[PDB]
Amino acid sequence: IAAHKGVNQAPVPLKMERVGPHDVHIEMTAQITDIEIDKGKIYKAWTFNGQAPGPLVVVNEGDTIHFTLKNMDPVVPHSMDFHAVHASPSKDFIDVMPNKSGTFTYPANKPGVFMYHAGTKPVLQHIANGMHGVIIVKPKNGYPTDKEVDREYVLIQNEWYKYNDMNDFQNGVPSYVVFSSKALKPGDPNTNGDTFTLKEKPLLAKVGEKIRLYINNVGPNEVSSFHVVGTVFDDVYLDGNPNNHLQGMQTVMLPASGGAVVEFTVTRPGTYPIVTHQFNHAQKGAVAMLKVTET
């Protein structure tokens, strides 16, 4: 796009603050930012806050979100749809024009691990170019396995295609399929959808821990067969809803936009790959690593 040539807007931190016992303000940007998705390969991504997937958002079940989008894009409108919320899409998920802001308010009344993404037509173009992320809604009553979990991380799967190519987006296999991790607590990694960072800087854990991953497959196009090598999921909550409780799964099927909370024990020191078991995607970049040490 001519107005995007040479544009690379520095990442802006997410802003969020609680404004009542059940209300939270959230302010994100829409911005065009170079991301290295594979070694030597820069995708000039359409992003929230300069990250793809965008920044993690976490609220409590029953929170109403007062959401502000500041469109830094010089020429393309953007918008936001959170899958967490009940809202009127033709009122509340509408476009914010270049160099403008818009504020929308809506409730998050269901617990889980929800995709969010731009809702601007063509939505496929916006998601593929990098406008996706996850919002976690914490159940008012937690999960029944909460006492057993020792450590937690968030992982997101997404695809990357040929650069802003709608033909490829609709009809082509993905060029890369990738994991990223978004921070829940200080010290957690916070990375972008690329083929390498979570291999070279693996997630960390300690021998014997029960790990929880909040996961979502944001697509745009592919389903995910989520698997952690060398373990079996003790407990899985589809879409992160506590009611949806499965046990002893080797692999979790995730639709496009599909989330889960999975929990597994790592019993031995060493490095545990984390994959989509659709191995063409795994080979095209969708392998993270978890390093488990006596530390």
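Residue indices: 1-based, along the sequence shown.
Novice: Select between 273-281 and 11-19 the stretch whose C-alpha atoms have the higher average B-factor in the entry.
Specialist: Here the higher of the two C-alpha B-factor means belongs to 11-19.
Novice: Using only C-alpha atoms and the B-factors in the entry, which stretch averages higher, 92-100 or 128-136?
Specialist: Higher mean C-alpha B-factor: 92-100.
Novice: Which listed residue, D194, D81, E200, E222, has the largest C-alpha temperature factor in the record?
Specialist: Answer for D194, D81, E200, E222: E200, with the highest C-alpha B-factor.
Novice: Can you tell me which third, lowest, middle or highest, the CA B-factor of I37 falls into for its chain?
Specialist: Highest third.
Novice: By the record's CA B-factor, is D165 among the lowest, middle or highest third of residues in the chain?
Specialist: It falls in the middle third of the chain.
Novice: What third of its chain's C-alpha B-factors does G172 belong to: lowest, middle or highest?
Specialist: According to the entry, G172 has a C-alpha B-factor in the chain's lowest third.
Novice: Could you place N141 in the lowest, middle or highest third of its chain by Cα temperature factor, using the values in the record?
Specialist: Answer is highest: the recorded C-alpha B-factor places it there.
Novice: Within this chain's modelled residues, let me know which third the CA B factor of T120 belongs to: lowest, middle or highest.
Specialist: CA B-factor rank for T120: middle third.
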